[PDB]
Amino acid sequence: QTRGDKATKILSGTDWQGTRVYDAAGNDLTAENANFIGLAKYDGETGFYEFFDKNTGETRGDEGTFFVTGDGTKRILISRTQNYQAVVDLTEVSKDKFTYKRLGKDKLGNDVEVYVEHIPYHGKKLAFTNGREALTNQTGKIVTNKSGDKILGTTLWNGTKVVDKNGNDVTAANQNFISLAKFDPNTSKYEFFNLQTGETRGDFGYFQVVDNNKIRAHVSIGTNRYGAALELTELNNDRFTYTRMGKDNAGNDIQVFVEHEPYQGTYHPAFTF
């Protein structure tokens, strides 16, 4: 069990409610950062979260993938309904108290570091509006009795091939998806690098393999901020493959499958963050 695994178990064990927002000195800034206060339901098994309104109990319409980094230091959210991502530094994860810090506002409207406290919620029984759906795309063995993250951590990887749903090669139509990829399971850091030059593609941040090894989720904190929760269709020491939208050889928009295998080139890329 990692420190992230321990945190995730605690987040999954109860519903939560934000209580107060404080600066480090304990000045109450809740009214100036009211939007940081709501209810939450976390399901570690499916790597899924949903937020609800503190006063009414109704969904905030914000659901998606969450995780805690392996080292226990950060929570990542990737919203599939509200088109954002967030990384926050965790300061406590205990059965009676969950706290993170981030940027907020003081009474004069200045930027300050604030701490958002939460305690267990025992009000309305909360249910996911949608939940993690079934994921049924598969192109090879998907290992489930070992940590997905640890499988990615075994080697540098590179994209080797892109195929359509019938196995037709469409790699030349999707070269933008072909990178040298580095994954660190302990820190949950990933970075993509150019295969020709060894240099970062400027796409880097935090990743985790979630949902019984069926999703690779990541958030880019680089030049172009985005997140993704990509369904894995093969995952083992020889190969991993995810599916997403791409192009066919004619330039039509189609479902594609991006295969990766352990990298055999000469580069030994370093994280640039």
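Note that residue numbering begins at 1 and tracks the sequence as displayed.
Here the stretch with the larger average CA B-factor, out of 10-18 and 261-269, is 261-269.
In this entry, 100-108 shows the higher mean Cα temperature factor of the pair 87-95 and 100-108.
Note on the listed residues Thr171, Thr139, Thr129, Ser79: the highest Cα temperature factor in the record is that of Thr129. The residue among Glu231, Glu32, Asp62, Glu234 whose C-alpha atom has the highest B-factor in the PDB entry is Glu32. For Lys54, the recorded CA temperature factor ranks within the highest third of the chain's modelled residues. Ranked within its chain, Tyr206 lands in the lowest third, by CA B factor from the PDB record.
Residue-level temperature factors show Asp149 in the lowest third of its chain, judged at the C-alpha atom. Per the deposited record, the Cα B-factor of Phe240 falls in the lowest third when ranked against the other modelled residues of its chain. Ranked by C-alpha B-factor against the other modelled residues of its chain, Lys41 falls in the middle third.
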